[PDB]
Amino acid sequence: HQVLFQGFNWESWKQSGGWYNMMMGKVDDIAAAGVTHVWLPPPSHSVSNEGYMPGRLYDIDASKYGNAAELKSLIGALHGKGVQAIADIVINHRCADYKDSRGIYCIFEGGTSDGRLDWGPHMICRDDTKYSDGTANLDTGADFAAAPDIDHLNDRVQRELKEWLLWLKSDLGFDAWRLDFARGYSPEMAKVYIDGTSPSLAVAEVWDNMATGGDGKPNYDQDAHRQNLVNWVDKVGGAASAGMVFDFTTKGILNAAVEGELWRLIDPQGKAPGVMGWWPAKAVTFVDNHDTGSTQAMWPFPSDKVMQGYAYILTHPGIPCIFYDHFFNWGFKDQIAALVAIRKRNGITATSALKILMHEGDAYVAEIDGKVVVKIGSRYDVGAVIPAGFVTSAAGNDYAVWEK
């Protein structure tokens, strides 16, 4: 059994009294709903309020979400309810505390007294010329515009970053990682950090655009999009690795499929169309996150169909991730908890078997592990396709679940 929960949104850092202190009050509900792991925001000092422009990586106390004590206390309360804590790991780029001779900020401070992470411009990807001293290796991945990109090929970098990651585990209690902007560096570099710190999982944010066409809708075929993600996992180590990816292929396809185009939910081989259908043990599915949804709304799930999205991900193979706002702010708490209870009581996991029974415009129906049948779409009756022995288990706006 595995169910993730994103424990923040783009606005969390503004929570009065502190985001982590507030969350202390949400732990019991999260645990009771069957959640096994909670993804928390970038914990370190960051030039940006949300945390994605990290500087003094050991300086947790400067976080806007809360200080090291509050964080340890939230993680401790999670662990007391059997729930793990995932840290949002932002290491593609980093901001320096001090300017050098050139008057450029490229003199970093790790946040401790000694020299851990007190990097110089040699640690900056030589091709991020806006900050480097041209002596480093070339960036192994894409560049982040606003801050110096770290040269992950630099040996000191690898060592001090792994040491820091192990300290987030040892001194704060984190169990796993969410790798921010994973396109920023190579899976080979990702492998170094994952292999070097044995996290229970390392879900990577590898977000590429979806092949679209003409009007703007995404194409029905998305093998290219999910091949890339599958390939990333292979290079990070495949099955031997704790590494995995957010299933952005499924996210894109589902975004469109619910708008009366559920025929999109199956590939020509009769398999789920996203990473879920090719490597479900490595697919972390979701409805919306702090970028796609929330107040940034880069790619929001149709707001009137959000529960259909959860009926899909929570009953299906792949590891589902519930979004904070959806569980707590939209009034879907009991409905979401009930879907997770169905998943759990039926022993459904990321690798459960999927048999699609109907993939039409207003009706998607599938059977999982031959124990649960779910239906999404506006079609009133799909009874003819329900196997013998199933009885309605749960239902809401345009979705239904049956169990034997």
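Residues carry their position along the shown sequence, with the first being 1.
Undergrad: Select between 139 to 147 and 243 to 251 the stretch whose C-alpha atoms have the higher average B-factor in the entry.
TA: Stretch with the higher mean C-alpha B-factor: 139 to 147.
Undergrad: According to the deposited model, is the average Cα temperature factor higher in 49 to 57 or in 25 to 33?
TA: Higher mean C-alpha B-factor in the PDB entry: 49 to 57.
Undergrad: Report the option among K162, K81, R102, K191 whose CA atom has the maximum B-factor in the deposited record.
TA: Reading the PDB entry, the winner on C-alpha B-factor is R102.
Undergrad: Out of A176, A96, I266, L74, which residue has the highest Cα temperature factor in the PDB record?
TA: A96 has the highest C-alpha B-factor of those listed.
Undergrad: Among the modelled residues of this chain, does the Cα B factor of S198 put it in the lowest, middle or highest third?
TA: Middle third, going by the recorded CA B-factors of the chain.
Undergrad: Taking only the Cα B-factors deposited for this chain, tell me whether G361 sits in the lowest, middle or highest third.
TA: Its C-alpha B-factor, which the entry lists for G361, ranks in the highest third among residues of this chain.
Undergrad: Against its chain's modelled residues, does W10's Cα B factor rank lowest, middle or highest third?
TA: Within its chain, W10 is a middle-third residue by C-alpha B-factor, going by the deposited values.
Undergrad: Would you mind checking where the Cα B-factor of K271 ranks among the modelled residues of its chain, as the lowest, middle or highest third?
TA: CA B-factor rank for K271: middle third.
Undergrad: Could you look up the Cα B-factor of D334 in the entry and say which third of the chain it sits in: lowest, middle or highest?
TA: For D334, whose C-alpha B-factor we compare with every modelled residue in the chain, the answer is the middle third.
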